[PDB]
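Colleague: Input structure: query.pdb, which contains PDB, C-alpha atoms (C1' of nucleotides).
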ATOM      1  CA  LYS A  38      61.309   2.581  45.657
ATOM      2  CA  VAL A  39      61.703   3.112  49.410
ATOM      3  CA  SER A  40      61.050   1.241  52.658
ATOM      4  CA  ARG A  41      58.987   2.662  55.523
ATOM      5  CA  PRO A  42      58.056   1.202  58.941
ATOM      6  CA  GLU A  43      54.439   0.833  57.736
ATOM      7  CA  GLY A  44      55.221  -0.963  54.470
ATOM      8  CA  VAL A  45      56.868  -0.383  51.107
ATOM      9  CA  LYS A  46      56.294   3.011  49.495
ATOM     10  CA  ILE A  47      57.056   4.287  46.020
ATOM     11  CA  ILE A  48      59.230   7.230  44.988
ATOM     12  CA  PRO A  49      57.773   8.681  41.773
ATOM     13  CA  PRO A  50      59.839  10.503  39.135
ATOM     14  CA  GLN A  51      60.286  14.269  39.024
ATOM     15  CA  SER A  52      58.196  14.467  35.856
ATOM     16  CA  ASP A  53      55.382  12.647  37.702
ATOM     17  CA  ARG A  54      54.996  15.133  40.549
ATOM     18  CA  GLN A  55      52.129  17.328  39.373
ATOM     19  CA  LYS A  56      50.194  14.485  37.728
ATOM     20  CA  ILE A  57      50.146  12.143  40.723
ATOM     21  CA  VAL A  58      48.842  14.747  43.147
ATOM     22  CA  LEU A  59      46.230  16.344  40.839
ATOM     23  CA  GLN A  60      44.634  12.943  40.249
ATOM     24  CA  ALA A  61      44.484  12.480  44.025
ATOM     25  CA  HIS A  62      43.220  15.991  44.698
ATOM     26  CA  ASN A  63      40.303  15.738  42.258
ATOM     27  CA  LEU A  64      39.136  12.470  43.807
ATOM     28  CA  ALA A  65      37.405  14.357  46.617
ATOM     29  CA  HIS A  66      38.572  17.987  46.151
ATOM     30  CA  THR A  67      40.090  18.103  49.594
ATOM     31  CA  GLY A  68      42.541  20.610  50.984
ATOM     32  CA  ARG A  69      45.925  19.945  52.527
ATOM     33  CA  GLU A  70      45.494  16.956  54.815
ATOM     34  CA  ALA A  71      42.948  14.549  53.349
ATOM     35  CA  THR A  72      44.762  15.097  50.063
ATOM     36  CA  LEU A  73      47.997  14.098  51.739
ATOM     37  CA  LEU A  74      46.779  10.875  53.304
ATOM     38  CA  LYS A  75      45.654   9.608  49.897
ATOM     39  CA  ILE A  76      49.244   9.905  48.690
ATOM     40  CA  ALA A  77      50.305   8.210  51.945
ATOM     41  CA  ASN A  78      48.908   4.913  50.627
ATOM     42  CA  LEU A  79      51.155   4.403  47.590
ATOM     43  CA  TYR A  80      53.762   7.123  47.490
ATOM     44  CA  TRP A  81      56.255   8.959  49.671
ATOM     45  CA  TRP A  82      59.000  11.425  48.842
ATOM     46  CA  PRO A  83      60.734  14.333  50.595
ATOM     47  CA  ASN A  84      58.581  17.488  50.626
ATOM     48  CA  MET A  85      55.165  15.996  49.919
ATOM     49  CA  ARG A  86      53.445  19.097  51.268
ATOM     50  CA  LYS A  87      55.310  21.559  49.049
ATOM     51  CA  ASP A  88      53.519  19.996  46.070
ATOM     52  CA  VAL A  89      50.041  19.810  47.617
ATOM     53  CA  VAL A  90      50.150  23.568  48.231
ATOM     54  CA  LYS A  91      51.368  23.885  44.635
ATOM     55  CA  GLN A  92      48.144  22.173  43.544
ATOM     56  CA  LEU A  93      45.521  24.118  45.481
ATOM     57  CA  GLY A  94      46.595  27.577  44.299
ATOM     58  CA  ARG A  95      45.723  26.504  40.768
ATOM     59  CA  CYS A  96      42.618  24.462  41.691
TER      60      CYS A  96
ATOM     61  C1'  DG B   1      72.498  23.870  68.432
ATOM     62  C1'  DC B   2      70.358  25.699  64.207
ATOM     63  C1'  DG B   3      67.967  24.677  60.742
ATOM     64  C1'  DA B   4      65.169  21.867  58.068
ATOM     65  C1'  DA B   5      61.724  18.846  57.925
ATOM     66  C1'  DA B   6      57.864  15.980  59.629
ATOM     67  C1'  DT B   7      53.688  16.458  62.768
ATOM     68  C1'  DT B   8      50.071  17.761  65.892
ATOM     69  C1'  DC B   9      47.176  21.598  67.174
ATOM     70  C1'  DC B  10      43.160  24.351  67.501
ATOM     71  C1'  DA B  11      39.954  28.282  66.480
ATOM     72  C1'  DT B  12      36.136  28.697  63.390
ATOM     73  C1'  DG B  13      32.514  28.696  60.308
ATOM     74  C1'  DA B  14      28.665  26.801  58.007
ATOM     75  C1'  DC B  15      24.868  23.541  57.694
ATOM     76  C1'  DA B  16      19.820  24.088  59.297
ATOM     77  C1'  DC B  17      12.661  24.522  54.267
ATOM     78  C1'  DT B  18      13.431  28.794  50.485
ATOM     79  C1'  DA B  19      11.871  32.706  46.674
ATOM     80  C1'  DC B  20       9.589  37.043  46.256
ATOM     81  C1'  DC B  21       9.254  41.944  46.815
ATOM     82  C1'  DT B  22      10.403  46.764  46.492
ATOM     83  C1'  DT B  23      12.674  50.437  44.633
ATOM     84  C1'  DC B  24      16.208  52.261  41.860
ATOM     85  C1'  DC B  25      19.550  51.481  37.996
ATOM     86  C1'  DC B  26      20.901  50.384  33.574
ATOM     87  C1'  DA B  27      20.090  50.252  28.788
ATOM     88  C1'  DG B  28      19.226  50.079  24.266
ATOM     89  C1'  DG B  29      16.360  51.002  21.621
ATOM     90  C1'  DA B  30      12.268  51.860  20.211
ATOM     91  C1'  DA B  31       7.768  53.215  20.576
ATOM     92  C1'  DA B  32       5.049  55.776  19.163
ATOM     93  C1'  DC B  33       3.303  59.208  21.327
ATOM     94  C1'  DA B  34       2.526  63.496  22.641
ATOM     95  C1'  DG B  35       3.936  67.974  20.664
ATOM     96  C1'  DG B  36       4.087  70.978  16.928
ATOM     97  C1'  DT B  37       4.585  72.995  12.337
ATOM     98  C1'  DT B  38       2.791  73.068   7.407
ATOM     99  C1'  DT B  39      -0.086  73.064   3.735
ATOM    100  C1'  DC B  40      -4.034  71.889   0.756
ATOM    101  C1'  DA B  41      -8.377  70.398  -0.102
ATOM    102  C1'  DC B  42     -12.620  68.871   1.677
ATOM    103  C1'  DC B  43     -16.155  68.205   4.664
ATOM    104  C1'  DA B  44     -19.034  70.579   7.700
ATOM    105  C1'  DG B  45     -21.622  74.423   8.696
ATOM    106  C1'  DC B  46     -25.399  78.057   6.525
ATOM    107  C1'  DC B  47     -29.642  79.092   4.861
ATOM    108  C1'  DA B  48     -34.011  78.657   2.118
ATOM    109  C1'  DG B  49     -37.394  76.818  -1.152
ATOM    110  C1'  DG B  50     -40.256  73.295  -2.574
ATOM    111  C1'  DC B  51     -42.502  69.225  -1.801
ATOM    112  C1'  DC B  52     -43.749  65.249   0.597
ATOM    113  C1'  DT B  53     -44.640  63.017   4.603
ATOM    114  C1'  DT B  54     -46.906  63.117   9.003
ATOM    115  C1'  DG B  55     -50.420  64.341  11.876
ATOM    116  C1'  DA B  56     -55.089  65.056  12.612
ATOM    117  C1'  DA B  57     -59.963  64.753  11.945
ATOM    118  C1'  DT B  58     -63.502  61.259  10.636
ATOM    119  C1'  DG B  59     -66.803  58.006   9.383
ATOM    120  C1'  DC B  60     -67.494  53.470   9.322
ATOM    121  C1'  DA B  61     -66.836  48.576   9.123
ATOM    122  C1'  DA B  62     -65.318  44.475  11.201
ATOM    123  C1'  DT B  63     -62.716  43.393  14.501
ATOM    124  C1'  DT B  64     -62.486  42.396  18.948
ATOM    125  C1'  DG B  65     -64.102  42.052  23.652
ATOM    126  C1'  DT B  66     -67.508  40.276  26.807
ATOM    127  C1'  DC B  67     -70.950  37.218  28.257
ATOM    128  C1'  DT B  68     -72.690  32.483  28.678
ATOM    129  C1'  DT B  69     -72.919  27.446  28.263
ATOM    130  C1'  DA B  70     -71.669  22.704  27.163
ATOM    131  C1'  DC B  71     -67.770  20.495  27.585
ATOM    132  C1'  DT B  72     -62.801  18.380  27.325
ATOM    133  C1'  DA B  73     -58.754  17.715  29.215
ATOM    134  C1'  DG B  74     -55.538  18.883  32.820
ATOM    135  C1'  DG B  75     -54.030  17.933  37.001
ATOM    136  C1'  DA B  76     -53.573  15.369  40.873
ATOM    137  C1'  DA B  77     -53.467  11.409  43.320
ATOM    138  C1'  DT B  78     -52.355   6.295  42.780
ATOM    139  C1'  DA B  79     -50.069   2.296  42.173
ATOM    140  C1'  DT B  80     -46.719   0.426  39.763
ATOM    141  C1'  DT B  81     -43.717  -0.037  36.774
ATOM    142  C1'  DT B  82     -39.824   0.818  34.760
ATOM    143  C1'  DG B  83     -35.713   3.117  33.452
ATOM    144  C1'  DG B  84     -30.932   5.133  35.327
ATOM    145  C1'  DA B  85     -27.615   8.343  37.648
ATOM    146  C1'  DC B  86     -24.363   8.048  40.622
ATOM    147  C1'  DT B  87     -21.616   5.587  44.129
ATOM    148  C1'  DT B  88     -17.991   1.673  43.944
ATOM    149  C1'  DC B  89     -13.928  -0.723  43.117
ATOM    150  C1'  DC B  90      -9.817  -1.640  40.325
ATOM    151  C1'  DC B  91      -6.212  -1.520  36.586
ATOM    152  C1'  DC B  92      -3.973   0.000  32.577
ATOM    153  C1'  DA B  93      -2.645   3.068  29.230
ATOM    154  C1'  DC B  94      -1.850   7.446  28.736
ATOM    155  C1'  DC B  95      -0.117  11.868  29.977
ATOM    156  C1'  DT B  96       3.405  13.877  32.042
ATOM    157  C1'  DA B  97       7.982  15.147  33.352
ATOM    158  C1'  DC B  98      13.006  15.177  31.221
ATOM    159  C1'  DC B  99      17.012  15.689  28.457
ATOM    160  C1'  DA B 100      19.146  15.619  24.422
ATOM    161  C1'  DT B 101      18.906  16.480  19.755
ATOM    162  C1'  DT B 102      17.468  18.779  15.769
ATOM    163  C1'  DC B 103      14.429  21.278  12.913
ATOM    164  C1'  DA B 104      11.590  25.017  11.897
ATOM    165  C1'  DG B 105      10.015  29.471  12.422
ATOM    166  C1'  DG B 106      10.421  34.156  13.365
ATOM    167  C1'  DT B 107      12.972  37.844  12.620
ATOM    168  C1'  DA B 108      15.440  39.866   9.345
ATOM    169  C1'  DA B 109      17.401  41.244   5.112
ATOM    170  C1'  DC B 110      17.846  41.975   0.317
ATOM    171  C1'  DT B 111      15.429  41.366  -3.775
ATOM    172  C1'  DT B 112      11.903  40.679  -6.337
ATOM    173  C1'  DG B 113       7.476  40.710  -7.909
ATOM    174  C1'  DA B 114       2.828  41.884  -8.494
ATOM    175  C1'  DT B 115      -1.219  44.425  -7.583
ATOM    176  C1'  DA B 116      -3.853  48.129  -6.222
ATOM    177  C1'  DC B 117      -4.540  52.726  -6.397
ATOM    178  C1'  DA B 118      -4.822  57.080  -8.807
ATOM    179  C1'  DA B 119      -5.899  59.263 -12.990
ATOM    180  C1'  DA B 120      -8.381  59.952 -17.518
ATOM    181  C1'  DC B 121     -11.723  59.190 -21.092
ATOM    182  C1'  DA B 122     -15.589  56.824 -22.212
ATOM    183  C1'  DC B 123     -19.655  53.785 -21.534
ATOM    184  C1'  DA B 124     -24.031  52.481 -19.631
ATOM    185  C1'  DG B 125     -27.919  52.649 -16.520
ATOM    186  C1'  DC B 126     -31.352  55.047 -14.467
ATOM    187  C1'  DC B 127     -33.914  59.063 -13.620
ATOM    188  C1'  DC B 128     -36.071  63.858 -14.512
TER     189       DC B 128
END
Re-express the file's structure as structure tokens.
Modeller:
Amino acid sequence: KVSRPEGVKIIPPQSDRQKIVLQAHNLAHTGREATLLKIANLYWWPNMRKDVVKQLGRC
DNA sequence: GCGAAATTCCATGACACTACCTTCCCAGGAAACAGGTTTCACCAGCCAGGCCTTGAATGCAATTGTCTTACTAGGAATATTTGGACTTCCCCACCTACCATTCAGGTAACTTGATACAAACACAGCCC
């Protein structure tokens, strides 16, 4: 759990890094930015964008 | 102040109704085919003799062709009478277009099975 100036956001576990982004990627098959703003509704953690790039090279 | 991290930036490309069409490739295999060799047996070509069929000449008989007349029915014009094809309007069921599912058939293979052909000896039918 974490607090942000736009509301309360959620820090997911380290085992739940690839699963939480891949289920947000495949919702609209977006790239780097519209993928990222989906995760900016529930989650937040340091280096979000290092994992989104980790997705798209396999997608 | 450097570095790490979180963020904004901006240059760009693709969407505009789409499939065919042509020529060469590839390809595997197969299709036979076009090419060619090989051999044996048979069908075609050769020629003549005898006979039968065709052609011709003919005389004649009835068949057929023409002429003539009394006439029957065909056609046309009529009125009408009657029998219907197509135009019309509307609705429903049936065919289609579709996907998923499954079954059946075609190819294919291995086996089997059964019949037809080829051969030989004899029988019967028809003809000289």
Colleague: Work out how far atom CA of residue 62 of chain A is from atom CA of residue 88 of chain A, in Å to one decimal.
Modeller: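 Result for atom CA of residue 88 of chain A versus atom CA of residue 62 of chain A: 11.1 Å, one decimal.
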Colleague: Could you tell me how far atom CA of residue 72 of chain A lies from atom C1' of residue 4 of chain B, in Å and to one decimal?
Modeller: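 Taking atom CA of residue 72 of chain A and atom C1' of residue 4 of chain B, their separation equals 22.9 Å.
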Colleague: List the neighbours of residue 47 of chain A out to 8 Å using only C-alpha atoms (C1' of nucleotides); skip same-chain residues closer than 4 positions along the sequence, and give me the result as a list in words.
Modeller: residues 38, 39, 79, 80, 81 and 82 of chain A
Colleague: When you draw a straight line from atom CA of residue 75 of chain A to atom CA of residue 44 of chain A, how long is it in Å?
Modeller: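 Between atom CA of residue 75 of chain A and atom CA of residue 44 of chain A the gap works out to 15.0 Å.
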Colleague: Restricting the calculation to all atoms listed in the file, which member of B:46, B:6, B:17, B:86 is positioned closest to chain A?
Modeller: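 Smallest separation from chain A among the options: B:6.
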Colleague: Name the residues within 10 Å of (50.3, 13.0, 41.3), counting all atoms listed in the file in the file's coordinates, and put them as a ChimeraX atom specification.
Modeller: /A:49,52-62,76,80,88-89,92
